[PDB]
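*Asks:* Below are the structure tokens for one structure; questions will follow.
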Amino acid sequence: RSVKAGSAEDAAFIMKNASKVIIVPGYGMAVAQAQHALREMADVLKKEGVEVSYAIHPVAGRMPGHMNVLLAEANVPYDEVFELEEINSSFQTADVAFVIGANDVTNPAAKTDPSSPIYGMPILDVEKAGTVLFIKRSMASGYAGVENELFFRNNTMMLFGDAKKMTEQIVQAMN
Ligand SMILES: NC(=O)c1ccc[n+]([C@@H]2O[C@H](COP(=O)([O-])OP(=O)(O)OC[C@H]3O[C@@H](n4cnc5c(N)ncnc54)[C@H](OP(=O)(O)O)[C@@H]3O)[C@@H](O)[C@H]2O)c1
């Protein structure tokens, strides 16, 4: 087994109702729907009084300064957005981590065990937050998709489905 239960229905808590998280725009996120989903989410939801930064290497997806496009091109802000080495703060208070579409960018293997097929680095210690929403089908390859057992601790994880189903059910249609 792993360590989760409700899919996006859970986001509503770590997303549309989680004092402190970090939208981690991975490959799907912006190219999934998050781009405009986490966009309205980071707004209609940040207004509730919840924080939302972005936990991802400054390259989690296609180009480098691109995942910030879904944040900018959509509407979400990048001032509360931390690339990588500075994520030590985002996840320092985030009692969650909406890890949307990321995959090898969060490979906590470096945080858990270097045995991984790669070497990892200062990823975005996402599992090291309250909950975590790794939204994607399942066999997410990415640049590595290796060691990522992060989905085995306190309700922190991945929510099978498309990043478009992520914010659509939580911030766009919980119940
Ligand atoms: N950006 C650059 O210029 C650059 C340059 C050199 C190295 N890198 C490195 O490349 C890595 C990138 O990490 P990352 O997490 O962003 O990358 P990935 O691991 O490259 O991420 C791809 C992930 O997004 C998902 N995905 C793809 N299409 C999707 C879709 N249509 N809808 C929903 N999900 C989709 C995939 O899983 P699912 O199919 O399960 O969704 C996949 O696992 C980093 O280690 C980085 O340092 C980047």
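The numbers here are math on the coordinates, done by the rules we state, and not lab data. Here Cβ is always computed from backbone atoms with ideal geometry, including for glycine, and neighbour counts include all displayed protein chains.
*Asks:* Just to verify a result, which residue in region 2-26, among those that are outside any loop (DSSP other than H, G, I, E, B) and crowded, with 24+ Cβ neighbours inside 10 Å, is farthest from the ligand (Cβ to nearest atom)?
*Replies:* Restricting to residues being outside any loop (DSSP other than H, G, I, E, B) and crowded, with 24+ Cβ neighbours inside 10 Å, the top hit is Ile14.
*Asks:* Exactly one condition in (1) touching a residue at least 24 places away in the same chain (Cβ under 8 Å); (2) surrounded by 16 or more Cβ atoms within 10 Å (Cβ to Cβ); (3) more than 17 Å from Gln172 (Cβ to Cβ) is not met by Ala74; state its number.
*Replies:* (3)
*Asks:* Let me ask something additional. Determine whether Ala94 is crowded, with 23+ Cβ neighbours inside 10 Å, over 24 Å from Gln35 (Cβ atoms) and of a type outside the set (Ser, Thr, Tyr).
*Replies:* Values: crowded, with 23+ Cβ neighbours inside 10 Å: yes; over 24 Å from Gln35 (Cβ atoms): no; of a type outside the set (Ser, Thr, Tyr): yes.
So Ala94 fails the test.
*Asks:* Scan region 33-47 for residues that are within 10 Å of the ligand (Cβ to nearest atom) and farther than 12 Å from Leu133 by Cβ and jot them down.
*Replies:* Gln33, the sole residue that qualifies.
*Asks:* Still on this structure: Only residues that are away from the ligand (no atom under 11 Å from the Cβ) and in contact (Cβ under 8 Å) with a residue 40 or more places away in the chain: list them for region 82-105, please.
*Replies:* Result: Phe82, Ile87, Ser90, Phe91, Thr93, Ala94, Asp95, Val96, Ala97, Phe98.
*Asks:* Given (1) within 12 Å of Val21 (Cα to Cα); (2) exposed (fewer than 15 other Cβ atoms within 10 Å of the Cβ); (3) of a type in the set (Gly, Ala, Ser), where does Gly65 come up short, assuming only one miss?
*Replies:* So the condition that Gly65 fails would be (1).
Here's the yes/no breakdown for (1) in contact with a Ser or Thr (Cβ under 8 Å, 6 or more places away or on another chain); (2) hydrophobic (A, V, I, L, M, F, W, C):
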position	(1), (2)
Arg62	no, no
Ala110	yes, yes
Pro114	no, no
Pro122	no, no
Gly145	no, no
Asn148	yes, no
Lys165	yes, no
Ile170	no, yes
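*Asks:* Can you pull out every residue in region 36-66 that is touching a residue at least 40 places away in the same chain (Cβ under 8 Å), small (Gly, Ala, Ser) and in a helix (DSSP H, G or I)?
*Replies:* Residue satisfying the conditions is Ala37 alone.
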